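Q: Got a structure for you, upload03.txt, holding compact mmCIF, C-alpha atoms and all ligand atoms.
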```txt
# COMPACT_ATOMS: atom_id res chain seq x y z
CA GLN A 45 -3.22 26.11 -7.89
CA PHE A 46 -1.00 22.98 -7.98
CA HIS A 47 0.51 21.00 -5.10
CA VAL A 48 2.26 17.70 -4.46
CA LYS A 49 4.31 16.19 -1.67
CA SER A 50 7.72 14.67 -1.17
CA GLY A 51 8.17 11.40 -2.95
CA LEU A 52 9.48 8.50 -0.82
CA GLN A 53 13.24 8.60 -0.15
CA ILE A 54 15.48 5.75 0.83
CA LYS A 55 18.07 7.36 3.07
CA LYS A 56 21.31 5.29 2.94
CA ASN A 57 23.59 6.75 5.65
CA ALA A 58 23.52 5.04 9.04
CA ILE A 59 20.49 6.13 11.02
CA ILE A 60 22.84 6.43 13.94
CA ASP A 61 24.10 9.61 12.30
CA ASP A 62 20.68 11.23 12.18
CA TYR A 63 19.33 9.76 15.40
CA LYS A 64 20.43 8.30 18.70
CA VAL A 65 18.76 4.95 19.25
CA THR A 66 17.55 3.66 22.57
CA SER A 67 16.91 0.06 23.39
CA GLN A 68 13.75 0.99 25.30
CA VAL A 69 11.08 -0.96 23.39
CA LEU A 70 7.48 -0.13 22.50
CA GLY A 71 5.83 -2.23 19.77
CA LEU A 72 6.55 -5.95 19.94
CA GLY A 73 5.17 -7.01 16.57
CA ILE A 74 5.83 -8.89 13.30
CA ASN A 75 9.52 -8.35 12.27
CA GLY A 76 11.57 -7.18 15.26
CA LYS A 77 10.86 -4.67 18.00
CA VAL A 78 9.81 -1.01 17.96
CA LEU A 79 12.43 1.09 19.69
CA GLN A 80 12.00 4.61 20.99
CA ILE A 81 14.27 6.93 19.10
CA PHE A 82 15.35 10.57 19.33
CA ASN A 83 15.95 13.01 16.50
CA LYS A 84 19.40 14.48 16.78
CA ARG A 85 18.42 17.80 15.11
CA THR A 86 14.99 18.48 16.58
CA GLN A 87 15.24 16.26 19.64
CA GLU A 88 11.84 14.59 19.33
CA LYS A 89 10.84 11.00 20.18
CA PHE A 90 10.04 8.43 17.54
CA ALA A 91 8.91 4.96 16.64
CA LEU A 92 11.41 2.83 14.82
CA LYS A 93 10.26 -0.24 12.95
CA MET A 94 12.98 -2.41 11.49
CA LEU A 95 12.80 -4.73 8.54
CA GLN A 96 14.71 -7.43 6.75
CA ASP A 97 14.39 -5.51 3.42
CA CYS A 98 13.19 -7.99 0.85
CA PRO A 99 11.12 -6.99 -2.18
CA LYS A 100 7.97 -7.39 -0.02
CA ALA A 101 8.58 -4.84 2.76
CA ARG A 102 10.04 -2.50 0.12
CA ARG A 103 6.49 -1.93 -1.05
CA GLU A 104 4.76 -2.27 2.30
CA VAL A 105 6.62 0.88 3.35
CA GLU A 106 6.25 2.28 -0.14
CA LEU A 107 2.54 2.35 0.74
CA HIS A 108 2.68 3.36 4.36
CA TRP A 109 4.44 6.37 2.93
CA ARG A 110 1.55 7.25 0.65
CA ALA A 111 -0.80 6.75 3.59
CA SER A 112 0.88 8.87 6.26
CA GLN A 113 -0.32 11.96 4.40
CA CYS A 114 -3.53 11.25 6.31
CA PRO A 115 -4.64 12.56 9.71
CA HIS A 116 -5.76 9.34 11.40
CA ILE A 117 -3.02 7.30 9.71
CA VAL A 118 0.41 7.18 11.31
CA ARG A 119 2.97 9.36 9.54
CA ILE A 120 6.31 7.99 8.31
CA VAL A 121 9.11 10.40 8.94
CA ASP A 122 12.15 8.70 7.52
CA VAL A 123 13.09 5.45 5.87
CA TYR A 124 16.63 4.10 5.99
CA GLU A 125 18.17 1.09 4.31
CA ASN A 126 21.17 0.33 6.53
CA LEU A 127 23.09 -2.83 7.30
CA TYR A 128 22.31 -4.44 10.61
CA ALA A 129 23.30 -8.05 11.39
CA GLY A 130 24.83 -8.41 7.91
CA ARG A 131 21.48 -7.83 6.37
CA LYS A 132 20.54 -5.03 3.97
CA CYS A 133 18.02 -3.72 6.46
CA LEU A 134 15.24 -1.34 6.63
CA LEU A 135 14.49 1.15 9.27
CA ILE A 136 11.36 3.09 9.08
CA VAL A 137 11.01 5.94 11.51
CA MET A 138 7.51 6.99 12.23
CA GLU A 139 5.64 9.21 14.64
CA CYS A 140 5.71 8.01 18.16
CA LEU A 141 2.24 7.60 19.64
CA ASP A 142 2.00 7.73 23.47
CA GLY A 143 -1.71 6.81 23.54
CA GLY A 144 -2.25 3.10 24.17
CA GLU A 145 -4.32 0.50 22.29
CA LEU A 146 -7.64 2.19 21.52
CA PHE A 147 -9.48 0.10 24.11
CA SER A 148 -6.76 0.00 26.79
CA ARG A 149 -7.28 3.78 27.11
CA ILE A 150 -11.00 3.55 27.87
CA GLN A 151 -10.55 1.37 30.97
CA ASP A 152 -8.55 4.23 32.51
CA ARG A 153 -11.10 6.92 31.63
CA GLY A 154 -11.19 7.85 35.33
CA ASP A 155 -14.19 10.17 34.92
CA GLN A 156 -17.72 8.95 34.05
CA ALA A 157 -18.49 5.97 31.74
CA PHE A 158 -18.77 5.64 27.94
CA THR A 159 -21.31 6.97 25.42
CA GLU A 160 -22.94 5.87 22.15
CA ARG A 161 -21.83 9.31 20.95
CA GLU A 162 -18.21 8.67 21.96
CA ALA A 163 -18.32 5.25 20.31
CA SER A 164 -19.41 6.86 17.06
CA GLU A 165 -16.63 9.46 17.19
CA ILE A 166 -14.10 6.65 17.52
CA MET A 167 -15.58 4.42 14.84
CA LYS A 168 -16.29 7.55 12.86
CA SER A 169 -12.58 8.44 12.79
CA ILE A 170 -11.38 4.92 12.10
CA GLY A 171 -13.79 4.91 9.19
CA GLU A 172 -12.09 7.93 7.67
CA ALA A 173 -8.68 6.29 7.75
CA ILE A 174 -9.93 3.25 5.89
CA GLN A 175 -11.59 5.52 3.36
CA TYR A 176 -8.34 7.22 2.43
CA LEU A 177 -6.72 3.91 1.78
CA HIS A 178 -9.54 2.62 -0.24
CA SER A 179 -9.88 6.08 -1.79
CA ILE A 180 -6.36 5.39 -3.07
CA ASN A 181 -6.75 1.67 -3.71
CA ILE A 182 -5.19 0.31 -0.54
CA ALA A 183 -6.33 -2.54 1.68
CA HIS A 184 -4.94 -2.59 5.19
CA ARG A 185 -5.95 -6.17 5.82
CA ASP A 186 -5.16 -5.89 9.55
CA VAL A 187 -7.34 -3.41 11.36
CA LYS A 188 -6.86 -4.87 14.89
CA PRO A 189 -7.34 -2.81 18.02
CA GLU A 190 -3.67 -3.24 18.80
CA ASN A 191 -3.10 -1.42 15.54
CA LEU A 192 -5.08 1.52 16.86
CA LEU A 193 -3.30 3.84 19.29
CA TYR A 194 -3.54 7.49 20.27
CA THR A 195 -1.15 10.40 19.86
CA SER A 196 -1.18 11.41 23.54
CA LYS A 197 -3.03 10.88 26.84
CA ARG A 198 -5.41 13.87 26.66
CA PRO A 199 -9.14 13.45 25.68
CA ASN A 200 -8.42 15.96 22.94
CA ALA A 201 -5.81 13.45 21.71
CA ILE A 202 -6.61 11.61 18.48
CA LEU A 203 -5.89 8.03 17.33
CA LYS A 204 -4.20 6.59 14.27
CA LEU A 205 -3.65 3.27 12.57
CA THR A 206 -0.45 1.27 12.23
CA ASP A 207 1.23 -1.89 10.92
CA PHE A 208 0.97 -2.05 7.17
CA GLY A 209 2.73 -5.40 7.36
CA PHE A 210 -0.50 -6.52 5.76
CA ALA A 211 -1.67 -3.74 3.46
CA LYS A 212 -1.88 -4.43 -0.25
CA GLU A 213 -2.50 -2.40 -3.39
CA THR A 214 -5.92 -2.97 -4.96
CA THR A 215 -4.34 -2.66 -8.42
CA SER A 216 -5.31 -3.20 -12.15
CA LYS A 239 -14.40 -12.90 -3.20
CA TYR A 240 -12.40 -9.66 -2.54
CA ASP A 241 -10.23 -7.55 -0.27
CA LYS A 242 -10.91 -3.97 0.89
CA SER A 243 -13.67 -5.50 2.97
CA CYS A 244 -11.51 -7.14 5.57
CA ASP A 245 -11.04 -3.62 6.79
CA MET A 246 -14.82 -3.30 6.99
CA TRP A 247 -15.36 -6.55 8.88
CA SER A 248 -12.89 -5.27 11.41
CA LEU A 249 -14.65 -1.97 11.90
CA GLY A 250 -17.77 -4.01 12.54
CA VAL A 251 -15.92 -6.22 14.95
CA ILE A 252 -14.48 -3.04 16.42
CA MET A 253 -17.87 -1.45 16.88
CA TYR A 254 -19.23 -4.50 18.67
CA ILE A 255 -16.44 -4.64 21.22
CA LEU A 256 -16.75 -0.86 21.38
CA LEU A 257 -20.35 -1.12 22.54
CA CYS A 258 -20.28 -4.24 24.75
CA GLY A 259 -16.88 -5.75 25.55
CA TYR A 260 -16.64 -8.98 23.51
CA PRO A 261 -16.75 -10.34 19.95
CA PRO A 262 -18.59 -13.21 18.30
CA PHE A 263 -16.82 -16.57 19.01
CA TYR A 264 -15.95 -19.20 16.32
CA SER A 265 -12.81 -20.31 14.40
CA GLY A 282 -22.39 -17.58 12.47
CA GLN A 283 -24.76 -16.29 15.19
CA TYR A 284 -24.12 -13.20 17.30
CA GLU A 285 -26.50 -12.92 20.27
CA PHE A 286 -27.37 -9.59 21.91
CA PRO A 287 -27.28 -9.89 25.78
CA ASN A 288 -29.73 -7.86 27.89
CA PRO A 289 -27.87 -5.74 30.51
CA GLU A 290 -26.00 -4.59 27.38
CA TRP A 291 -28.12 -4.67 24.17
CA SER A 292 -31.45 -3.16 25.29
CA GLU A 293 -32.99 0.23 24.43
CA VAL A 294 -30.06 0.50 21.94
CA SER A 295 -31.67 1.75 18.70
CA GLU A 296 -31.95 -0.98 16.05
CA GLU A 297 -30.83 1.94 13.93
CA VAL A 298 -27.33 1.15 15.25
CA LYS A 299 -27.83 -2.62 15.55
CA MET A 300 -28.42 -2.28 11.81
CA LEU A 301 -24.86 -1.14 10.94
CA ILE A 302 -23.07 -3.77 12.95
CA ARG A 303 -25.15 -6.26 10.95
CA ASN A 304 -24.35 -5.13 7.42
CA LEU A 305 -20.70 -4.93 8.43
CA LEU A 306 -20.46 -8.32 10.06
CA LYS A 307 -22.12 -10.25 7.22
CA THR A 308 -20.26 -13.58 7.26
CA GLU A 309 -20.33 -12.66 3.60
CA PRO A 310 -17.63 -11.08 1.52
CA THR A 311 -20.37 -9.21 -0.41
CA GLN A 312 -23.01 -6.84 1.03
CA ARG A 313 -20.46 -6.15 3.69
CA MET A 314 -21.40 -2.48 3.35
CA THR A 315 -18.70 -0.61 1.38
CA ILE A 316 -16.88 2.06 3.38
CA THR A 317 -18.10 4.60 0.85
CA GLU A 318 -21.48 3.20 1.88
CA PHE A 319 -20.48 2.95 5.55
CA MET A 320 -19.76 6.64 5.70
CA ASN A 321 -23.15 7.60 4.22
CA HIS A 322 -25.24 6.17 7.08
CA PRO A 323 -26.27 8.79 9.74
CA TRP A 324 -24.84 7.58 13.10
CA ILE A 325 -21.28 7.93 11.74
CA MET A 326 -21.64 11.02 9.54
CA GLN A 327 -23.36 12.93 12.36
CA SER A 328 -20.45 13.98 14.62
CA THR A 329 -22.95 15.07 17.35
CA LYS A 330 -26.66 14.01 16.96
CA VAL A 331 -26.30 10.58 18.57
CA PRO A 332 -28.05 9.60 21.83
CA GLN A 333 -26.03 10.17 25.05
CA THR A 334 -26.83 6.61 26.30
CA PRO A 335 -24.46 5.21 28.98
CA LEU A 336 -22.11 2.40 27.98
CA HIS A 337 -20.84 -0.30 30.32
CA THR A 338 -17.86 -1.14 28.02
CA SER A 339 -15.35 0.61 30.31
CA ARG A 340 -16.52 -1.28 33.37
CA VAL A 341 -17.16 -4.36 31.20
CA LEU A 342 -13.50 -4.54 30.24
CA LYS A 343 -12.48 -4.20 33.86
CA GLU A 344 -14.73 -7.22 34.20
CA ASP A 345 -12.40 -9.92 32.78
CA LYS A 346 -9.02 -8.32 32.14
CA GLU A 347 -7.89 -11.93 31.57
CA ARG A 348 -9.82 -12.32 28.30
CA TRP A 349 -7.45 -10.31 26.11
CA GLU A 350 -4.33 -12.26 25.10
CA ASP A 351 -7.15 -14.52 23.98
CA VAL A 352 -9.09 -11.77 22.13
CA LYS A 353 -5.98 -10.49 20.33
CA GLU A 354 -5.11 -13.86 18.73
CA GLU A 355 -8.69 -14.66 17.74
CA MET A 356 -8.83 -11.17 16.21
CA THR A 357 -5.68 -11.94 14.26
CA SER A 358 -7.10 -15.40 13.55
CA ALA A 359 -10.27 -13.92 12.12
CA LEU A 360 -8.03 -11.56 10.15
CA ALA A 361 -4.50 -12.41 8.89
CA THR A 362 -5.59 -15.76 7.40
CA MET A 363 -8.85 -14.48 5.90
CA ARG A 364 -7.55 -14.95 2.34
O1 LIG B 401 3.84 -1.02 12.01
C1 LIG B 401 3.84 -1.55 13.12
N1 LIG B 401 3.91 -2.90 13.39
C2 LIG B 401 4.30 -3.46 14.67
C3 LIG B 401 3.55 -2.83 15.83
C4 LIG B 401 3.67 -1.40 15.58
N2 LIG B 401 3.68 -0.41 16.53
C5 LIG B 401 3.84 0.82 15.93
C6 LIG B 401 3.96 2.10 16.59
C7 LIG B 401 3.92 3.21 15.78
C8 LIG B 401 4.02 4.46 16.35
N3 LIG B 401 4.14 4.66 17.66
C9 LIG B 401 4.18 3.58 18.44
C10 LIG B 401 4.30 3.93 19.84
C11 LIG B 401 5.02 5.05 20.19
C12 LIG B 401 5.13 5.46 21.50
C13 LIG B 401 4.52 4.74 22.50
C14 LIG B 401 3.80 3.61 22.18
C15 LIG B 401 3.69 3.23 20.86
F1 LIG B 401 2.98 2.14 20.60
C16 LIG B 401 4.09 2.29 17.95
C17 LIG B 401 3.90 0.58 14.58
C18 LIG B 401 3.79 -0.81 14.35
```
Would you mind writing the structure in this file as C-alpha cells?
A:
Amino acid sequence: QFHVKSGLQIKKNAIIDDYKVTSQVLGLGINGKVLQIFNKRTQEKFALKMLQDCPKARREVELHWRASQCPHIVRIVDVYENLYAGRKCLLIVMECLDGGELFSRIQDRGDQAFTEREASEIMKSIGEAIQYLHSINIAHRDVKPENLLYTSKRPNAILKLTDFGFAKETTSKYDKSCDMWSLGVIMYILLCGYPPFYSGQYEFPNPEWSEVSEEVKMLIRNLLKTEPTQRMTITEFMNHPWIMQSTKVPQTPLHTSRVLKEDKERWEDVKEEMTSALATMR
C-alpha cells in the first residue's frame, strides 16, 4: 500500500575495502577515467566514475541517484567520498554496461540490415528515459550517442543513458528541450547516417529519404525546430503513433548499418559537433 526506496548514502570508508579496483579503463570522459571494478562480496563487474567532489558534482550524483530507479537509465550502486590525490574525492559506482555506443553496435549487426520498426524501438526506449527525468523535473542536457550504451551484446539486450555531468533540476528560452533536440538528432542519424551541418536547412537525400512516410518525416521536424519552443514536448513526443506503437511500424529496410560502414572516418568529427550543438546550447 506504501513503498519508497533507499535514500542516497555517502559511504565514507575506502572503496578499496568494498571493491578491488582495476586500472583497465572503459569510459574516457569529463572528470577522469571510468575503471572496471569488481565487487568483493558478490564478485560482479562495475563502472567507476570518479569526481573532484565540489558542491556541483555533489548534486549531479544526487540526481543520477534519483534517476537510476529507471529501467533505461543507468543505475548507481554505490557512492563513496574518499581521499585520492589529497582531494576529498567522489567515487560513484554504477552498473557496468558491456554494450557499446548505441550506433557502434548496429554496424556489427552481422545478420540482415536495419528497420524503421527497429529504429522506433530504439528511439521509443530513449524517449521513455527522458520522460522519467522530465516526469521528475530533470534535464539531462547531454543526450549524445556516446551517452547511450547497452547492457550486453545480445539483441535481447537493452540500452541505458549515462553521464549526468550535465543534468540539472528544473526547480521552482528553456531547458528540458535540449533532450528533445537530441532525440531528433538521434532519430535522423538513426535513419540515414548523418546529421545536419552548421555551427537551418536539412535536406533529404534520395537513396535514403524516399518512400519513407512523411508521417515519420513529420516527427523529426517538430523535434528539430531550430526553435526552443514547439520543439514537441516529450509528453507530446510520446503521444504520436510511430513511437507509442511498439509493433505497427512498416518493416522498410534501412541502409544506416551499411551507411555507417561507409565513412567510418566521420565520427570523431560527429561526436564533437554533437557536443558542440549540445553542451554550449545555453
Ligand atoms: O557518467 C559518465 N560519464 C563519462 C562517460 C561515462 N561512461 C559511463 C559508463 C557507465 C556504465 N558502464 C560503462 C561501461 C561499462 C562496461 C563496458 C563499457 C562501458 F562503457 C560506462 C558513465 C559515464
Q: Show me, as CSV, the residues of stretch 203-338 of chain A having an atom within 10 Å of stretch 155-174 of chain A, each with the closest atom pair and its distance in Å, using only C-alpha atoms.
A:
```
residue,atom,partner,partner_atom,distance
A:203,CA,A:169,CA,8.1
A:204,CA,A:170,CA,7.7
A:205,CA,A:173,CA,7.6
A:242,CA,A:174,CA,8.8
A:243,CA,A:174,CA,10.0
A:245,CA,A:174,CA,7.0
A:246,CA,A:174,CA,8.2
A:249,CA,A:167,CA,7.1
A:250,CA,A:167,CA,9.0
A:252,CA,A:167,CA,7.7
A:253,CA,A:167,CA,6.6
A:254,CA,A:163,CA,9.9
A:256,CA,A:163,CA,6.4
A:257,CA,A:163,CA,7.0
A:294,CA,A:160,CA,8.9
A:298,CA,A:160,CA,9.4
A:316,CA,A:171,CA,7.2
A:317,CA,A:171,CA,9.4
A:319,CA,A:171,CA,7.9
A:320,CA,A:171,CA,7.1
A:324,CA,A:164,CA,6.8
A:325,CA,A:168,CA,5.1
A:326,CA,A:168,CA,7.2
A:327,CA,A:164,CA,8.6
A:328,CA,A:165,CA,6.5
A:329,CA,A:161,CA,6.9
A:330,CA,A:161,CA,7.8
A:331,CA,A:161,CA,5.2
A:332,CA,A:161,CA,6.3
A:333,CA,A:159,CA,5.7
A:334,CA,A:159,CA,5.6
A:335,CA,A:159,CA,5.1
A:336,CA,A:158,CA,4.7
A:337,CA,A:158,CA,6.7
A:338,CA,A:158,CA,6.8
```
Q: What are the nearest atom pairs, with distances in Å to one decimal, for all residues of chain A that come at most 7 Å from ligand LIG 401 (chain B), using all atoms listed in the file, set out by chain and rising residue number as JSON lines?
A:
```
{"residue": "A:70", "atom": "CA", "partner": "B:LIG401", "partner_atom": "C14", "distance": 5.3}
{"residue": "A:71", "atom": "CA", "partner": "B:LIG401", "partner_atom": "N2", "distance": 4.3}
{"residue": "A:72", "atom": "CA", "partner": "B:LIG401", "partner_atom": "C3", "distance": 6.0}
{"residue": "A:73", "atom": "CA", "partner": "B:LIG401", "partner_atom": "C2", "distance": 4.1}
{"residue": "A:74", "atom": "CA", "partner": "B:LIG401", "partner_atom": "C2", "distance": 5.8}
{"residue": "A:78", "atom": "CA", "partner": "B:LIG401", "partner_atom": "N2", "distance": 6.3}
{"residue": "A:80", "atom": "CA", "partner": "B:LIG401", "partner_atom": "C12", "distance": 6.9}
{"residue": "A:90", "atom": "CA", "partner": "B:LIG401", "partner_atom": "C11", "distance": 6.6}
{"residue": "A:91", "atom": "CA", "partner": "B:LIG401", "partner_atom": "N3", "distance": 4.9}
{"residue": "A:93", "atom": "CA", "partner": "B:LIG401", "partner_atom": "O1", "distance": 6.5}
{"residue": "A:118", "atom": "CA", "partner": "B:LIG401", "partner_atom": "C8", "distance": 6.8}
{"residue": "A:138", "atom": "CA", "partner": "B:LIG401", "partner_atom": "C8", "distance": 6.0}
{"residue": "A:139", "atom": "CA", "partner": "B:LIG401", "partner_atom": "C8", "distance": 5.3}
{"residue": "A:140", "atom": "CA", "partner": "B:LIG401", "partner_atom": "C11", "distance": 3.7}
{"residue": "A:141", "atom": "CA", "partner": "B:LIG401", "partner_atom": "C11", "distance": 3.8}
{"residue": "A:142", "atom": "CA", "partner": "B:LIG401", "partner_atom": "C13", "distance": 4.0}
{"residue": "A:143", "atom": "CA", "partner": "B:LIG401", "partner_atom": "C14", "distance": 6.5}
{"residue": "A:144", "atom": "CA", "partner": "B:LIG401", "partner_atom": "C14", "distance": 6.4}
{"residue": "A:191", "atom": "CA", "partner": "B:LIG401", "partner_atom": "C4", "distance": 6.8}
{"residue": "A:193", "atom": "CA", "partner": "B:LIG401", "partner_atom": "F1", "distance": 6.6}
{"residue": "A:206", "atom": "CA", "partner": "B:LIG401", "partner_atom": "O1", "distance": 4.9}
{"residue": "A:207", "atom": "CA", "partner": "B:LIG401", "partner_atom": "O1", "distance": 3.0}
{"residue": "A:208", "atom": "CA", "partner": "B:LIG401", "partner_atom": "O1", "distance": 5.7}
{"residue": "A:209", "atom": "CA", "partner": "B:LIG401", "partner_atom": "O1", "distance": 6.5}
```
Q: Emit the selected residues as a PDB file, in the coordinates of the input, including C-alpha atoms.
A:
```
ATOM      1  CA  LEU A  70       7.480  -0.130  22.500  1.00  0.00           C
ATOM      2  CA  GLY A  71       5.830  -2.230  19.770  1.00  0.00           C
ATOM      3  CA  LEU A  72       6.550  -5.950  19.940  1.00  0.00           C
ATOM      4  CA  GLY A  73       5.170  -7.010  16.570  1.00  0.00           C
ATOM      5  CA  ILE A  74       5.830  -8.890  13.300  1.00  0.00           C
ATOM      6  CA  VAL A  78       9.810  -1.010  17.960  1.00  0.00           C
ATOM      7  CA  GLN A  80      12.000   4.610  20.990  1.00  0.00           C
ATOM      8  CA  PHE A  90      10.040   8.430  17.540  1.00  0.00           C
ATOM      9  CA  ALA A  91       8.910   4.960  16.640  1.00  0.00           C
ATOM     10  CA  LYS A  93      10.260  -0.240  12.950  1.00  0.00           C
ATOM     11  CA  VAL A 118       0.410   7.180  11.310  1.00  0.00           C
ATOM     12  CA  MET A 138       7.510   6.990  12.230  1.00  0.00           C
ATOM     13  CA  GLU A 139       5.640   9.210  14.640  1.00  0.00           C
ATOM     14  CA  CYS A 140       5.710   8.010  18.160  1.00  0.00           C
ATOM     15  CA  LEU A 141       2.240   7.600  19.640  1.00  0.00           C
ATOM     16  CA  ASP A 142       2.000   7.730  23.470  1.00  0.00           C
ATOM     17  CA  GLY A 143      -1.710   6.810  23.540  1.00  0.00           C
ATOM     18  CA  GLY A 144      -2.250   3.100  24.170  1.00  0.00           C
ATOM     19  CA  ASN A 191      -3.100  -1.420  15.540  1.00  0.00           C
ATOM     20  CA  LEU A 193      -3.300   3.840  19.290  1.00  0.00           C
ATOM     21  CA  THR A 206      -0.450   1.270  12.230  1.00  0.00           C
ATOM     22  CA  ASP A 207       1.230  -1.890  10.920  1.00  0.00           C
ATOM     23  CA  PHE A 208       0.970  -2.050   7.170  1.00  0.00           C
ATOM     24  CA  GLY A 209       2.730  -5.400   7.360  1.00  0.00           C
TER      25      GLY A 209
END
```
Q: Which residue is closest to residue A:210? Choose from A:69, A:190, A:290, A:182 and count only C-alpha atoms.
A: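 Once distances to residue A:210 are computed over only C-alpha atoms, the minimum belongs to A:182.
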Q: Counting all atoms listed in the file, which residue out of A:64, A:211, A:79, A:84 sits closest to residue A:100?
A: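 Going through A:64, A:211, A:79, A:84 one by one, the smallest distance to residue A:100 is for A:211.
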Q: Would you mind listing what lies within 12 Å of residue A:123 as number ranges by chain, with all atoms listed in the file counted and same-chain residues fewer than 6 positions away left out?
A: A: 51-59, 62, 91-95, 97, 101-102, 104-106, 108-109, 133-138
Q: Could you please determine the separation between atom CA of residue A:282 and atom CA of residue A:323 in Å, to one decimal place?
A: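 We find that atom CA of residue A:282 and atom CA of residue A:323 lie 26.8 Å from each other.
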Q: Find the residue from A:66, A:357, A:45, A:83 that sits nearest to residue A:248; use all atoms listed in the file when measuring.
A: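 Answer, going by the shortest atom-to-atom distance: A:357.
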Q: Using only C-alpha atoms, pick whichever of A:110, A:82, A:350, A:341 has the shortest atom-to-atom distance to residue A:181.
A: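 Using only C-alpha atoms, residue A:181 sits closest to A:110.
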